[PDB]
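Peer 1: only the shape, not the letters, is given here:
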């Protein structure tokens, strides 16, 4: 653990950044799946 | 008479809206800014 | 913009690019003496579990009595079912 | 966790390196994918409505991060 301490600063930074990019990358897909329902559910509601 | 086909056209475009977000998301132009073709990611030409 | 150079990640790239890295922790074990078998089972995740309950160990140290450690006075006897 | 199981923490640094590099293309690739749709579609709106030509030019202007 100590011998690895040289990378203690720039591993969590990329772990969150990668998830953030993954979040938006997948949130858009999860976002898109919602519209398919909205393209019919919302039309029904209107 | 003609407005009956307008609603069909309006709904036809509504169906096409969800199809647009279903294509430009998992695909995309393989830019060389990050040489993504080298590794795990998939491939889809422009 | 190149985020690798913007956030000063190029140095990490030059240190941890494609190279020979052991899949295990055998890059530090050989420096140590004795035959060490990699304890990577589930029972070895204690240290992770030890951090959720700090109160198990009070602030500074547990009570200690050096005189009571006389049990470490050991005779000269053999030891089966144990290899050096 | 990698240390506890005797895994390869250094490989994770490489994994993160491949993780950031590949996913940097995702954010940019998506952006470029949806930026060209912005540029071309706005150009298409400009070729259909003559009386609202100036407005479409504003859509592209507000579609940038100024």
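Peer 2: Done, it's in. Numbers count the residues shown, from 1 in each chain, chains lettered A, B, ... in the order given.

Peer 1: please report how far residue B:33 lies from residue D:32.
Peer 2: 9 Å (C-beta to C-beta, to the nearest Å). Using the backbone N, CA and C atoms, a C-beta is placed for each residue, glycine as well.

Peer 1: please enumerate the helices of the chain.
Peer 2: All of this refers to chain A. Under the criterion DSSP state H, helices of chain A are mapped to A:12-45.

Peer 1: look at chain D instead
Peer 2: Using DSSP H, the helices assigned to chain D run over residues D:9-45, D:53-63.

Peer 1: deepest of these, which one?
Peer 2: helix D:9-45 (a mean of 17; mean count of other C-beta atoms under 10 Å in any protein chain shown).

Peer 1: OK, contacts around whichever residue of chain B sits closest to chain A?
Peer 2: Nearest to chain A, among the residues of chain B, is residue B:21, at 4.5 Å (C-beta to the nearest C-beta). Contacts for residue B:21 were tallied using C-beta atoms under 8 Å, 6 or more residues apart in numbering or on different chains; they are A:32, A:35.

Peer 1: residues from chain A in reach of chain B?
Peer 2: Taking C-beta under 8 Å from any C-beta of the partner chain as the criterion, chain A approaches chain B at residues A:28, A:29, A:32, A:35, A:36, A:39, A:43.

Peer 1: change it to 6 Å
Peer 2: Contacts of chain A with chain B, taken as C-beta under 6 Å from any C-beta of the partner chain, map to A:28, A:32, A:35, A:36, A:39.

Peer 1: dump these to a markdown table, plus distance to residue C:22.
Peer 2: Converted to a markdown table, those look like this (distance: C-beta to C-beta, whole Å):
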| residue | distance to residue C:22 |
| --- | --- |
| A:28 | 38 |
| A:32 | 42 |
| A:35 | 48 |
| A:36 | 47 |
| A:39 | 52 |
